[PDB]
Amino acid sequence: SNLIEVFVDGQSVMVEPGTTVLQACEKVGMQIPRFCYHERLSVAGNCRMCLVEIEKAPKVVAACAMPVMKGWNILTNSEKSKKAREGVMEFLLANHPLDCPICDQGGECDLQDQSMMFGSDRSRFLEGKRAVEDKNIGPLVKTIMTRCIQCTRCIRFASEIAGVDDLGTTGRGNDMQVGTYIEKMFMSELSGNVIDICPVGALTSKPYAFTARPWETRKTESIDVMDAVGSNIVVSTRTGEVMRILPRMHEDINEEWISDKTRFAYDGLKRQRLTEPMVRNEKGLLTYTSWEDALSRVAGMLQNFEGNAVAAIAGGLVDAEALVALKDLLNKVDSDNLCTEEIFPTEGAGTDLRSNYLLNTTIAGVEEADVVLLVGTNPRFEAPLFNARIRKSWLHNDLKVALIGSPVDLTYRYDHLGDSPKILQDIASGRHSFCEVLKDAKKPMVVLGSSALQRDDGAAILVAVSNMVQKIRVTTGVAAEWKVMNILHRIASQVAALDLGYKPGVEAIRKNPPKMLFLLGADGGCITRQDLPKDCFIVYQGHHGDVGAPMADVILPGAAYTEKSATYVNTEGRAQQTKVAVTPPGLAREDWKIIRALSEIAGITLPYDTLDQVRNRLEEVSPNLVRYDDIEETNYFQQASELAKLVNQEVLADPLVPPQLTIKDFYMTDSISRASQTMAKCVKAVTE
Amino acid sequence: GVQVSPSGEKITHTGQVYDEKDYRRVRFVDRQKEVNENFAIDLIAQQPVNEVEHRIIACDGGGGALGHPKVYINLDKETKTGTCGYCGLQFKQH
Amino acid sequence: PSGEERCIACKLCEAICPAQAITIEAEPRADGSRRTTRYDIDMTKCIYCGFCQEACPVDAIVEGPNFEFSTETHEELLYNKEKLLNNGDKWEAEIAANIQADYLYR
Amino acid sequence: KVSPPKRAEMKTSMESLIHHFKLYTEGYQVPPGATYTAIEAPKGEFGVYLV
Amino acid sequence: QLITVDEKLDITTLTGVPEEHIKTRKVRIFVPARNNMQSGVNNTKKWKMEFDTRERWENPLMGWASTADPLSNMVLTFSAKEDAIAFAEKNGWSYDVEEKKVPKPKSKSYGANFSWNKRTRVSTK
Amino acid sequence: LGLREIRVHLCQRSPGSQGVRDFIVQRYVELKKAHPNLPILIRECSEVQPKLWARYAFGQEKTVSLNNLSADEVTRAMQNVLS
Amino acid sequence: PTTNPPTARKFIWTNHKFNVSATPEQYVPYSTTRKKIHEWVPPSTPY
Amino acid sequence: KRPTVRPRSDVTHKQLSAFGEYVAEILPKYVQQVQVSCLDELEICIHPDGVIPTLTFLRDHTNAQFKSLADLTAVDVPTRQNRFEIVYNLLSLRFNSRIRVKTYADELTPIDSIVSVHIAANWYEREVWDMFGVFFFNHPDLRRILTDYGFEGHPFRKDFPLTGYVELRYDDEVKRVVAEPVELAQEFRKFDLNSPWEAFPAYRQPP
Amino acid sequence: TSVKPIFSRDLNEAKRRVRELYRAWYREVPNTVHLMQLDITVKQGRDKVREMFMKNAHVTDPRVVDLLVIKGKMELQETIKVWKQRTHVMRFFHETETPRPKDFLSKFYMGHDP
Ligand code: SF4
Ligand code: SF4
Ligand code: SF4
Ligand code: SF4
Ligand code: FES
Ligand SMILES: [Zn+2]
């Protein structure tokens, strides 16, 4: 049981010990006002706005921090608490500056709405205010500190979630100034979240600076496509444009937090973009033309070729509907060269047995763990929120992390197990120092990235890991349902690809250099015209001409994640649905729409003609993808282990350093990210 | 700053001018485009700094209830100077 | 009086405009200032109510005395920032006086 | 919180500026309920049933 | 007296809308997510029912945002979810329902910030 | 003409799919060894009636509804697909 | 204004203008904003 | 005594509660949920079958001579399965008082008409049919009033767009005021104004 | 199930009223093309009547059918009388709206709509 009967305005409610008054009242529906407490940060009763009387006690108590005692009535709308709130608002708004029309958190200010409900309507303040020196953090966070209410909701984030500890308070009295004592670029992969944390507009975003206002904005609940975390997101528009990004609340992923890319990379969706189908003319130059011309060229060339001479590279910012469409359209000209830019070993179960290329634990499952073992990853600069859940666990459920790779800051101490993949065998033997620690563990999880598998020994590394993992389950009998092996991706359009049946890598294309290439969103530089036949026909179905468009004989402008309803499977396997926010520009269209139109121009005329039909087709191939937000429990890891122990490929005597080593390498890893002024500014700041 | 483009159109303080191939230049045929010659950027630049004695002062427009809300500006920095959000006047202390 | 543009794109003249006549699109000016890149008024939607000038916190947009601005084209009655600033630079000698007379009531 | 403040009070006080802002952008959040109120308009009973 | 009508309640022949906005259209039933700027949650608590967005475009005169659909600024509110499914099935709209997202309860402690052994010992105050 | 993909669809807890799990844990390794280049996709869900799709050269897909089957009959029908 | 004249300002118009509705030098509306969605300019070389 | 707030009495509240008990116990076959508000406005809620008897009672009864129809509204609430809340505001002129009788309806659950009691209800029932789509039995005319003749739609329904589905303009090809579909040069800008804070705890909905 | 009627015990007794209404329209068209000088032939007017009837043939609820009959009687009243003008009647024909393309590839060539 271990329960407690508590009353709230008389009404009874049953809550555990260790709770507080704010949570007790939330169980009823009342939320007490607040400026310091967040529900994800350490408590600090510094605003003194959460003040409520108890029915017979002589004074008021901090409802954010006072734990609730047996036999209490919490009086929220009593005159004592209302007097307290009115006084606290008086004090807060005393030195606050009349900058509400300037301030970008204008129709978004908790101080406003709390003055409007829980506060007086008049100033009896007849003295001069103060004014505080402002700080130049960086190209994102615009500090105007004449209006900070000294709530410390930012230092706690920076210390407990970002793990930075470069933000504090200087002095005392009114003269206490939040921030650094020095000039320091607070430049982290979780830094734009302070803009949502700070209820006041003491710090805002520079890209959104002075642009729009919250009532103007329509809000479409979409998802992210930068990383494979699946961070739920709100895209805010204003008269057909995109103004800013914001987080959504999902507790299994994006725990109210998002990375700085996916909230300062929307700038890239309006630069170096594709708006018209372009075809190659007599002089060998691209020229804007119609849709019919381009699709007729493509289909004319397509009717001729059949089989090995038709390939496809899906990379990065690609749907699952587009993948299914291109897959069907190449199967119906009997070609199977459906490939993805990033390698994953096929030397065992391969893309069969979903458990092998998946976070078989959950991102929430990291909380229910005692040891974590990172291999070939820098989870900070790829899936940053996964590292954030790791740190949350590191704090509130004392966790010991290991690392195999290069020594790099993760925001916590990580027990560096050298730099080599022979240590995997050393562990699987049973002799390493780490097994003394791991035998005590009852719920571990190794998690290997899709950045060590891009090497020429990915299959061997996976076999070593699976062997180690099975010997680990043998050593520590964990459970009948606890997963230990996990795969971290950094690409949104990879899990759906491998689900549908795409073959990871490029090696089939180098093996059988085709006379065609469809290069779907493949603005990476893996394949080039120096590797392909003489008189090759490359068509690029995408956006953001970076390196994949200029090497193409025709172009088919596609749409971005902000501009189409689509599905993107994250690392866990959770399929998540985008919602159309803004239509794509020029003569740009959806991807699967283009493939179906090309098909009708040719003689295949694929059966489906709308979006529900393509979703049902996705059901036919992999029915995990129409299951939105419904994570599915895979199995059959033993089978993959038996099927992967068979092959025998040595592991090199080579260390494994990740590509994203410093923060310099984090802000530009994409097309949208590479075509962007804000990310370039952050790079300019870090490297100078 | 009413420099023109090579297409002959005046350019606004919001640098706006239509491209040469933009067909929307028709509407200025037998007509013109209204543009204000008095740019506020150059004008408020044509305004000196008001030196003061204190580290913290206030700013309204100058009429009181006819200007803008009272705001306070800190003048502890010496390399640069203060600036009002509403107006664009500047202040410094000796 | 310094010639500085008085609007700051606080974007509530269009919040309250009960005809949805006003649009604003705002940016920093390269001086580092909250200012507009757009201020349009469809004067064929305006109802001449005064809410915008009694909502502006800086006395930037006003509703002046000119009632003799009839036109032979619909497109002329769709204003922008430059036309409104022309009006202001034209009618300041009147509007300043009207404001001086009417304040202490508003 | 219902009727806007004086033009000078919203230029020296922060509270009254907040209230100006919310009144002139959002409104004042009348409670739920309903009424029928009638007056003698010069034609007759001018009535309004608000919800 | 009474009647035994079996078939699905259908109203589209009464509503006076075109076939286009009935069949082509898609509907999102949901509780809106809280604005992460404000810590308030009253803008939640009511199931809403929005429509799919459509092409907006720059008006060639002034640059205003134009439309060709009237359901753009469309929002309804329902105290529950089955009410919304009912209204949509009744008016002939294909719907996608996003389930209710509730934050996890959490164990707060102001004493964990001053521990002897744990990592919750915050270096600040 | 020739076979290009098989893909198996099943459930984790529903008993009608029982027979496919046993078939997998028994014969999947031997089958992959027999056909290593060939893929066979195994995608499971909460509540779906089992299937067994097979894709030949063109977009020629053919199914058998193996709901409430044994494991030996699953193997027999799968060999019928292969042959 | 011969006794209580108005304030002098650098930006006030000196010469008034009557109503211009059908003449030239009348008013024509236009978007004061700029290009938002920039296009991709392809290269001027082949391959 | 407080100036800013509105004065308050109790005798009107008590009178109207008494009359509510009166109607409730005199007319139980139909009556539901009598209620009196903070502002003293009596408000009786009625089963749709009880419309003529209740209205005839309040018109012709001696202690209730509600023989003047002020309004006859409707209110669309898409949530509840019986959408349209229909309202009957009345006054007496003998007791200097008002009352409000309420019923409910749906798209396919119409109501008897009231011209047999209040002839004033003719054009109001026509307006309600036009605006919300509530058919009224044994009505003489029951055609539109306010909408154009060739008009499909019940505009004041909450699921109806503000701007509509058709737009008019003259065409020289046919020399008529044709009706094209709707295409606006400026989309109506929906503003999200509601604050995320409980302003009135007295109306707090529990889960 | 278990709902009230309006004017119709069943669907056949509603089709009765439907046919009465079709009859009234068929007998009214020649008078409407004459009274207000429409520039169409009686054949295509009656074809329009049958078209706007078969626009709602999928329905099976008697109550919906009765309401449609009511609205048809309203429009017939408006048309028998000259409360509505040539504009309103020729509104039915859509003599200015280009045909919505009922094909995929045309929609793809113009617009993002399905
Ligand atoms: S934070 Fe901004 S909007 Fe809120 S009270 Fe301060 S100046 Fe006004
Ligand atoms: S900057 Fe913002 S979050 Fe940090 S203490 Fe000040 S008000 Fe709080
Ligand atoms: S005119 Fe006034 S109210 Fe309108 S945006 Fe400018 S400063 Fe704000
Ligand atoms: S006066 Fe005109 S522009 Fe100003 S708020 Fe009223 S309707 Fe809008
Ligand atoms: S919310 Fe409790 S003191 Fe700040
Ligand atoms: Zn100033």
# chains A, B, ... in the order shown; residues from 1 in each chain; ligands from 1
>>> interface_residues(of="chain H", to="chain C", cutoff="9 Å", atoms="only C-alpha atoms", output="ChimeraX atom specification")
/H:188-189,191
>>> select_by_dssp(residues="chain D", states="strand (DSSP E or B)", output="mmCIF file with N, CA, C and O atoms, in the first residue's frame")
data_model
loop_
_atom_site.group_PDB
_atom_site.id
_atom_site.type_symbol
_atom_site.label_atom_id
_atom_site.label_comp_id
_atom_site.auth_asym_id
_atom_site.auth_seq_id
_atom_site.Cartn_x
_atom_site.Cartn_y
_atom_site.Cartn_z
ATOM 1 N N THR D 35 -26.822 34.804 -20.640
ATOM 2 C CA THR D 35 -27.768 35.838 -20.263
ATOM 3 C C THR D 35 -28.676 36.123 -21.439
ATOM 4 O O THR D 35 -28.363 35.795 -22.580
ATOM 5 N N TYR D 36 -29.824 36.714 -21.130
ATOM 6 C CA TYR D 36 -30.610 37.475 -22.088
ATOM 7 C C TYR D 36 -30.864 38.834 -21.468
ATOM 8 O O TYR D 36 -31.519 38.928 -20.426
ATOM 9 N N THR D 37 -30.341 39.874 -22.100
ATOM 10 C CA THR D 37 -30.519 41.243 -21.654
ATOM 11 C C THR D 37 -31.214 42.029 -22.745
ATOM 12 O O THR D 37 -30.891 41.887 -23.925
ATOM 13 N N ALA D 38 -32.163 42.852 -22.332
ATOM 14 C CA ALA D 38 -32.967 43.648 -23.235
ATOM 15 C C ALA D 38 -33.026 45.073 -22.728
ATOM 16 O O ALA D 38 -33.033 45.315 -21.519
ATOM 17 N N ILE D 39 -33.060 46.009 -23.669
ATOM 18 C CA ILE D 39 -33.224 47.419 -23.391
ATOM 19 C C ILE D 39 -34.344 47.930 -24.282
ATOM 20 O O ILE D 39 -34.769 47.260 -25.222
ATOM 21 N N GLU D 40 -34.817 49.132 -23.979
ATOM 22 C CA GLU D 40 -35.635 49.862 -24.937
ATOM 23 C C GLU D 40 -34.713 50.514 -25.940
ATOM 24 O O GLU D 40 -34.203 51.611 -25.733
ATOM 25 N N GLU D 45 -37.677 46.283 -28.087
ATOM 26 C CA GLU D 45 -36.866 45.441 -27.215
ATOM 27 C C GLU D 45 -35.720 44.873 -28.033
ATOM 28 O O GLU D 45 -35.856 43.858 -28.713
ATOM 29 N N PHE D 46 -34.575 45.539 -27.967
ATOM 30 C CA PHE D 46 -33.349 45.004 -28.536
ATOM 31 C C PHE D 46 -32.720 44.064 -27.526
ATOM 32 O O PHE D 46 -32.367 44.487 -26.422
ATOM 33 N N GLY D 47 -32.565 42.805 -27.910
ATOM 34 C CA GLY D 47 -32.103 41.782 -26.997
ATOM 35 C C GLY D 47 -30.900 41.042 -27.535
ATOM 36 O O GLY D 47 -30.695 40.936 -28.742
ATOM 37 N N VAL D 48 -30.099 40.532 -26.604
ATOM 38 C CA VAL D 48 -28.890 39.784 -26.909
ATOM 39 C C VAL D 48 -28.843 38.578 -25.986
ATOM 40 O O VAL D 48 -28.816 38.740 -24.762
ATOM 41 N N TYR D 49 -28.828 37.376 -26.564
ATOM 42 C CA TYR D 49 -28.649 36.136 -25.813
ATOM 43 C C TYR D 49 -27.219 35.669 -26.029
ATOM 44 O O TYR D 49 -26.902 35.053 -27.046
ATOM 45 N N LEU D 50 -26.361 35.960 -25.062
ATOM 46 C CA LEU D 50 -24.964 35.571 -25.116
ATOM 47 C C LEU D 50 -24.747 34.231 -24.442
ATOM 48 O O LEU D 50 -25.383 33.912 -23.435
#
>>> residues_near_ligand(ligand="ligand 1", cutoff="9 Å", atoms="only C-alpha atoms and all ligand atoms", output="PyMOL selection string")
(chain A and resi 93+96-113+115+147-149+198-202) or (chain D and resi 14-15+17-18+21)
>>> residues_near_ligand(ligand="ligand 5", cutoff="9 Å", atoms="only C-alpha atoms and all ligand atoms", output="list in words")
residues 22, 32, 33, 34, 35, 36, 37, 38, 43, 44, 45, 46, 47, 48, 49, 50, 51, 61, 62, 63, 64, 65, 66 and 151 of chain A
>>> residues_around(residues="region 56-63 of chain F", least_positions_apart="2", cutoff="8 Å", atoms="only C-alpha atoms", output="VMD selection string")
(chain A and resid 328 331 to 335) or (chain F and resid 1 to 5 51 to 54 65)
>>> write_last_selection(atoms="N, CA and C atoms", output="short mmCIF file (atom, residue, chain, number, x, y, z; two decimals), in the first residue's frame")
data_model
loop_
_atom_site.label_atom_id
_atom_site.label_comp_id
_atom_site.auth_asym_id
_atom_site.auth_seq_id
_atom_site.Cartn_x
_atom_site.Cartn_y
_atom_site.Cartn_z
N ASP A 328 8.62 -1.15 -55.55
CA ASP A 328 7.67 -1.78 -56.45
C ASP A 328 7.97 -1.44 -57.90
N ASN A 331 10.94 -3.53 -58.94
CA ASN A 331 10.59 -4.94 -59.01
C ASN A 331 9.81 -5.24 -60.27
N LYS A 332 8.92 -4.33 -60.66
CA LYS A 332 8.10 -4.53 -61.85
C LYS A 332 8.86 -4.28 -63.14
N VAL A 333 10.15 -3.96 -63.06
CA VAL A 333 11.07 -4.07 -64.19
C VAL A 333 12.20 -5.01 -63.76
N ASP A 334 11.84 -6.01 -62.93
CA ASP A 334 12.68 -7.06 -62.34
C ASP A 334 14.11 -6.66 -62.04
N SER A 335 14.28 -5.54 -61.33
CA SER A 335 15.56 -5.14 -60.77
C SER A 335 15.46 -5.15 -59.26
N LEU F 1 9.22 -14.89 -62.62
CA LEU F 1 9.63 -16.27 -62.87
C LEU F 1 10.30 -16.86 -61.64
N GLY F 2 11.54 -16.45 -61.40
CA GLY F 2 12.28 -16.95 -60.26
C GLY F 2 11.93 -16.21 -58.99
N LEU F 3 12.15 -16.90 -57.87
CA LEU F 3 11.88 -16.32 -56.57
C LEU F 3 12.90 -15.24 -56.24
N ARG F 4 12.43 -14.17 -55.60
CA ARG F 4 13.27 -13.03 -55.23
C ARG F 4 13.18 -12.67 -53.76
N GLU F 5 12.00 -12.72 -53.16
CA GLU F 5 11.85 -12.55 -51.72
C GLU F 5 10.71 -13.40 -51.20
N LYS F 51 0.49 -14.69 -42.59
CA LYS F 51 0.54 -14.76 -44.04
C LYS F 51 1.89 -15.34 -44.41
N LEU F 52 2.11 -15.49 -45.72
CA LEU F 52 3.43 -15.82 -46.23
C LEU F 52 3.46 -15.33 -47.68
N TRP F 53 4.06 -14.17 -47.88
CA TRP F 53 4.17 -13.59 -49.20
C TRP F 53 5.44 -14.09 -49.87
N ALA F 54 5.40 -14.15 -51.20
CA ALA F 54 6.57 -14.49 -51.98
C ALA F 54 6.54 -13.68 -53.27
N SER F 65 -2.72 -18.12 -46.49
CA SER F 65 -3.17 -17.72 -45.16
C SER F 65 -2.95 -18.89 -44.21
#
>>> residues_around(residues="residue 47 (chain I)", least_positions_apart="3", cutoff="12 Å", atoms="only C-alpha atoms", output="list in words")
residues 22, 25, 26, 29, 40, 41, 42, 43, 44, 50, 51, 52, 53, 54, 92 and 93 of chain I
>>> write_last_selection(atoms="N, CA and C atoms", output="mmCIF file, in the first residue's frame")
data_model
loop_
_atom_site.group_PDB
_atom_site.id
_atom_site.type_symbol
_atom_site.label_atom_id
_atom_site.label_comp_id
_atom_site.auth_asym_id
_atom_site.auth_seq_id
_atom_site.Cartn_x
_atom_site.Cartn_y
_atom_site.Cartn_z
ATOM 1 N N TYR I 22 -40.215 13.949 -57.954
ATOM 2 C CA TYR I 22 -39.710 13.832 -59.319
ATOM 3 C C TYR I 22 -40.784 14.200 -60.324
ATOM 4 N N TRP I 25 -41.334 18.013 -60.399
ATOM 5 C CA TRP I 25 -40.247 18.666 -61.124
ATOM 6 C C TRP I 25 -40.357 18.446 -62.629
ATOM 7 N N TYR I 26 -40.649 17.209 -63.042
ATOM 8 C CA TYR I 26 -40.794 16.902 -64.460
ATOM 9 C C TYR I 26 -41.895 17.736 -65.092
ATOM 10 N N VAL I 29 -40.601 21.791 -65.202
ATOM 11 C CA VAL I 29 -39.497 22.282 -66.036
ATOM 12 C C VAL I 29 -39.968 23.046 -67.276
ATOM 13 N N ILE I 40 -31.998 27.006 -72.478
ATOM 14 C CA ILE I 40 -31.745 25.580 -72.515
ATOM 15 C C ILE I 40 -32.961 24.897 -73.121
ATOM 16 N N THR I 41 -32.818 23.602 -73.365
ATOM 17 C CA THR I 41 -33.896 22.754 -73.834
ATOM 18 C C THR I 41 -34.457 21.957 -72.667
ATOM 19 N N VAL I 42 -35.736 21.609 -72.783
ATOM 20 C CA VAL I 42 -36.429 20.889 -71.723
ATOM 21 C C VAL I 42 -35.783 19.538 -71.453
ATOM 22 N N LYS I 43 -35.157 18.942 -72.466
ATOM 23 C CA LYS I 43 -34.519 17.641 -72.295
ATOM 24 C C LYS I 43 -33.435 17.697 -71.226
ATOM 25 N N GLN I 44 -32.526 18.662 -71.332
ATOM 26 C CA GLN I 44 -31.400 18.701 -70.412
ATOM 27 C C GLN I 44 -31.779 19.256 -69.049
ATOM 28 N N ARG I 50 -32.834 14.492 -63.019
ATOM 29 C CA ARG I 50 -32.492 13.110 -62.712
ATOM 30 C C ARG I 50 -31.068 12.993 -62.184
ATOM 31 N N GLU I 51 -30.170 13.865 -62.637
ATOM 32 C CA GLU I 51 -28.801 13.872 -62.135
ATOM 33 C C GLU I 51 -28.760 14.260 -60.667
ATOM 34 N N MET I 52 -29.437 15.349 -60.306
ATOM 35 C CA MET I 52 -29.450 15.793 -58.923
ATOM 36 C C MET I 52 -30.291 14.890 -58.036
ATOM 37 N N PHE I 53 -31.091 13.998 -58.622
ATOM 38 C CA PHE I 53 -31.712 12.926 -57.852
ATOM 39 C C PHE I 53 -30.740 11.777 -57.614
ATOM 40 N N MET I 54 -30.070 11.309 -58.669
ATOM 41 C CA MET I 54 -29.108 10.221 -58.544
ATOM 42 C C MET I 54 -27.825 10.635 -57.841
ATOM 43 N N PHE I 92 -27.224 25.458 -61.261
ATOM 44 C CA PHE I 92 -27.152 24.005 -61.165
ATOM 45 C C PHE I 92 -26.208 23.427 -62.205
ATOM 46 N N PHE I 93 -26.187 24.018 -63.393
ATOM 47 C CA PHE I 93 -25.509 23.436 -64.538
ATOM 48 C C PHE I 93 -23.997 23.580 -64.482
#
>>> interface_residues(of="chain E", to="chain H", cutoff="6 Å", atoms="only C-alpha atoms", output="count of residues only")
15
>>> residues_around(residues="residue 564 (chain A)", least_positions_apart="6", cutoff="10 Å", atoms="only C-alpha atoms", output="number ranges by chain")
A: 222, 319, 558, 577-584, 589-591; E: 53
>>> residues_near_ligand(ligand="ligand 3", cutoff="8 Å", atoms="only C-alpha atoms and all ligand atoms", output="ChimeraX atom specification")
/A:101 /C:6-14,24,36,52-53,55-61
>>> interface_residues(of="chain E", to="chain A", cutoff="10 Å", atoms="only C-alpha atoms", output="PyMOL selection string")
chain E and resi 24+28+32-42+50+52-58+63-67+73+98-99+101-113+118-125
>>> residues_around(residues="residue 139 (chain H)", least_positions_apart="3", cutoff="10 Å", atoms="only C-alpha atoms", output="NGL selection string")
:H and (112-116 or 121-122 or 125-126 or 135-136 or 142-143)
>>> residues_near_ligand(ligand="ligand 4", cutoff="8 Å", atoms="only C-alpha atoms and all ligand atoms", output="ChimeraX atom specification")
/C:13-14,16-22,41-43,45-53,63
>>> write_last_selection(atoms="N, CA, C and O atoms", output="CSV table (one decimal), in the first residue's frame")
chain,number,residue,atom,x,y,z
C,13,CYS,N,-1.8,45.5,-33.2
C,13,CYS,CA,-2.8,46.3,-34.0
C,13,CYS,C,-3.5,45.4,-34.9
C,13,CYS,O,-4.7,45.7,-35.3
C,14,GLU,N,-2.9,44.3,-35.4
C,14,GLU,CA,-3.6,43.3,-36.2
C,14,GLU,C,-4.3,42.2,-35.3
C,14,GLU,O,-5.2,41.5,-35.8
C,16,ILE,N,-6.0,43.0,-32.6
C,16,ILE,CA,-7.3,43.5,-32.3
C,16,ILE,C,-8.1,44.0,-33.5
C,16,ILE,O,-9.4,44.2,-33.4
C,17,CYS,N,-7.5,44.2,-34.7
C,17,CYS,CA,-8.2,44.7,-35.8
C,17,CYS,C,-9.4,43.8,-36.1
C,17,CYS,O,-9.2,42.7,-36.6
C,18,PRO,N,-10.6,44.2,-35.9
C,18,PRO,CA,-11.8,43.3,-36.0
C,18,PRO,C,-12.2,43.0,-37.4
C,18,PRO,O,-13.2,42.3,-37.7
C,19,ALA,N,-11.4,43.5,-38.4
C,19,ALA,CA,-11.7,43.3,-39.8
C,19,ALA,C,-10.5,42.5,-40.5
C,19,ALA,O,-10.7,42.1,-41.6
C,20,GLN,N,-9.5,42.2,-39.7
C,20,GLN,CA,-8.3,41.5,-40.2
C,20,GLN,C,-7.7,42.3,-41.4
C,20,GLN,O,-7.5,41.8,-42.5
C,21,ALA,N,-7.6,43.6,-41.2
C,21,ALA,CA,-7.1,44.5,-42.3
C,21,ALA,C,-5.6,44.7,-42.3
C,21,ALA,O,-5.0,44.9,-43.3
C,22,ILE,N,-4.9,44.5,-41.1
C,22,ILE,CA,-3.5,44.8,-41.0
C,22,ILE,C,-2.7,43.5,-41.1
C,22,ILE,O,-3.1,42.4,-40.6
C,41,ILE,N,-2.4,47.7,-44.9
C,41,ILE,CA,-3.7,47.9,-44.4
C,41,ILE,C,-4.7,47.9,-45.6
C,41,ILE,O,-4.6,48.8,-46.5
C,42,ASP,N,-5.5,46.9,-45.8
C,42,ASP,CA,-6.6,46.9,-46.7
C,42,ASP,C,-7.6,47.9,-46.2
C,42,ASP,O,-8.5,47.5,-45.4
C,43,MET,N,-7.6,49.1,-46.7
C,43,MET,CA,-8.5,50.1,-46.3
C,43,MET,C,-9.9,49.9,-46.9
C,43,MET,O,-10.8,50.8,-46.6
C,45,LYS,N,-11.1,46.9,-46.0
C,45,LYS,CA,-11.6,46.1,-44.8
C,45,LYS,C,-11.6,46.9,-43.6
C,45,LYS,O,-12.4,46.6,-42.7
C,46,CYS,N,-10.8,48.0,-43.4
C,46,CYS,CA,-10.8,48.8,-42.3
C,46,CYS,C,-12.2,49.4,-42.0
C,46,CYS,O,-12.9,49.7,-43.0
C,47,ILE,N,-12.6,49.4,-40.8
C,47,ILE,CA,-13.9,50.1,-40.3
C,47,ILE,C,-13.6,51.3,-39.6
C,47,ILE,O,-14.6,51.9,-39.1
C,48,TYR,N,-12.4,51.8,-39.5
C,48,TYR,CA,-12.1,53.1,-39.0
C,48,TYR,C,-12.6,53.2,-37.5
C,48,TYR,O,-13.3,54.2,-37.2
C,49,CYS,N,-12.1,52.3,-36.7
C,49,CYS,CA,-12.6,52.1,-35.4
C,49,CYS,C,-11.7,52.7,-34.3
C,49,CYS,O,-12.1,53.0,-33.2
C,50,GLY,N,-10.4,52.9,-34.6
C,50,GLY,CA,-9.4,53.5,-33.7
C,50,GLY,C,-8.8,52.5,-32.8
C,50,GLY,O,-7.9,52.9,-32.0
C,51,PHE,N,-9.1,51.2,-32.9
C,51,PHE,CA,-8.6,50.2,-31.9
C,51,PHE,C,-7.0,50.1,-32.1
C,51,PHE,O,-6.3,49.9,-31.1
C,52,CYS,N,-6.5,50.3,-33.3
C,52,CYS,CA,-5.1,50.1,-33.5
C,52,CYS,C,-4.3,51.2,-32.9
C,52,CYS,O,-3.2,51.0,-32.3
C,53,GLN,N,-4.8,52.4,-32.9
C,53,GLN,CA,-4.1,53.6,-32.3
C,53,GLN,C,-4.2,53.7,-30.8
C,53,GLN,O,-3.3,54.2,-30.1
C,63,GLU,N,-5.0,57.4,-36.6
C,63,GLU,CA,-6.0,57.6,-37.6
C,63,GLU,C,-6.3,59.1,-37.7
C,63,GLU,O,-6.8,59.7,-36.8
>>> select_by_dssp(residues="chain F", states="alpha helix (DSSP H)", output="MDAnalysis selection string")
chainID F and resid 20:34 72:82
>>> residues_near_ligand(ligand="ligand 6", cutoff="9 Å", atoms="only C-alpha atoms and all ligand atoms", output="PyMOL selection string")
chain B and resi 58-62+67-71+83-90
>>> residues_around(residues="residue 1 (chain B)", least_positions_apart="4", cutoff="8 Å", atoms="only C-alpha atoms", output="VMD selection string")
chain B and resid 11 to 13 37 39 42
>>> interface_residues(of="chain F", to="chain A", cutoff="8 Å", atoms="only C-alpha atoms", output="list in words")
residues 7, 9, 12, 25, 28, 29, 32, 39, 40, 41, 42, 43, 44, 45, 46, 57, 58 and 59 of chain F
>>> interface_residues(of="chain B", to="chain A", cutoff="6 Å", atoms="only C-alpha atoms", output="list in words")
residues 71, 72, 73 and 74 of chain B
>>> interface_residues(of="chain D", to="chain A", cutoff="10 Å", atoms="only C-alpha atoms", output="PyMOL selection string")
chain D and resi 1+5+9-19+21-23+25-26+28
